[PDB]
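Colleague: Begin with these chain(s), straight out of the complex:
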Amino acid sequence: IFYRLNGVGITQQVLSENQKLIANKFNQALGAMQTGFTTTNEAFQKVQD
């Protein structure tokens, strides 16, 4: 993940100083859709369709 974020124009310095915050943001993002499954998801609606 660090190398992939390096490739998109983010310097190594912020990566080396801010591991925990980006980890927590990643955890929140990958937990967001776990409670997200309702009618609001367009993909879920297309699956049901």
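Modeller: That came through, no problem. Numbering: from 1, shown residues only, chains lettered A, B, ... in the order given.
Colleague: From here on, just use CA atoms for contacts and neighbour counts.
Modeller: Will do.
Colleague: Show which residues not belonging to stretch A:1-15 make contact with it.
Modeller: Contacts made with stretch A:1-15 from outside it, assessed by C-alpha atoms under 8 Å, 6 or more residues apart in numbering, are absent: no residue qualifies.
Colleague: Could you export that stretch as CSV, CA atoms only?
Modeller: Presented in CSV, the C-alpha positions along stretch A:1-15 are these (Å, rounded to 0.1, in the frame of the first residue of the first chain):
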residue,chain,number,x,y,z
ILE,A,1,0.0,0.0,0.0
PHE,A,2,2.9,2.3,0.8
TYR,A,3,4.5,1.7,-2.6
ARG,A,4,1.1,2.1,-4.4
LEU,A,5,0.6,5.4,-2.6
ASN,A,6,4.1,6.4,-3.5
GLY,A,7,3.3,5.8,-7.2
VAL,A,8,0.3,8.2,-7.3
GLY,A,9,2.3,11.4,-6.3
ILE,A,10,2.6,11.2,-2.6
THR,A,11,6.0,11.7,-1.0
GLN,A,12,7.7,9.1,1.2
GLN,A,13,8.0,11.6,4.1
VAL,A,14,4.3,11.9,4.9
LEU,A,15,4.0,8.1,4.6
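Colleague: Let's add chain B too:
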Amino acid sequence: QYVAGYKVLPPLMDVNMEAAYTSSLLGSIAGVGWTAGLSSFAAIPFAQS
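Modeller: Adding chain B to what we have so far:
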């Protein structure tokens, strides 16, 4: 329209809306097309682009 019975629905995008969106594209083609990475904006004078 009524000699047979049918209605033509107007499109969702209004004429001013396509005008504004094409204007945004015409103003942003100089900006985005300098280096990959869509986070920043780089609205260079056009001839330099």
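Colleague: please look at the contacts of stretch A:1-15 again, because chain B has been put in.
Modeller: Among residues not part of stretch A:1-15, those counted as contacts by C-alpha atoms under 8 Å, 6 or more residues apart in numbering or on different chains are B:36, B:37.
Colleague: Check which residues of that stretch are buried.
Modeller: Residues residue A:15 are the ones in stretch A:1-15 that count as buried (16 or more other C-alpha atoms under 10 Å in any protein chain shown).
Colleague: All the helices of chain B, residue numbers only.
Modeller: Secondary structure of chain B (DSSP state H): helices located at B:15-32.
Colleague: Then chain A?
Modeller: A:2-7, A:12-17, A:19-32, A:42-48.
Colleague: who wins for proximity to residue B:29 among those helices?
Modeller: Distances from residue B:29 to each of those were compared using C-alpha to C-alpha; the minimum, 22.9 Å, belongs to helix A:2-7.
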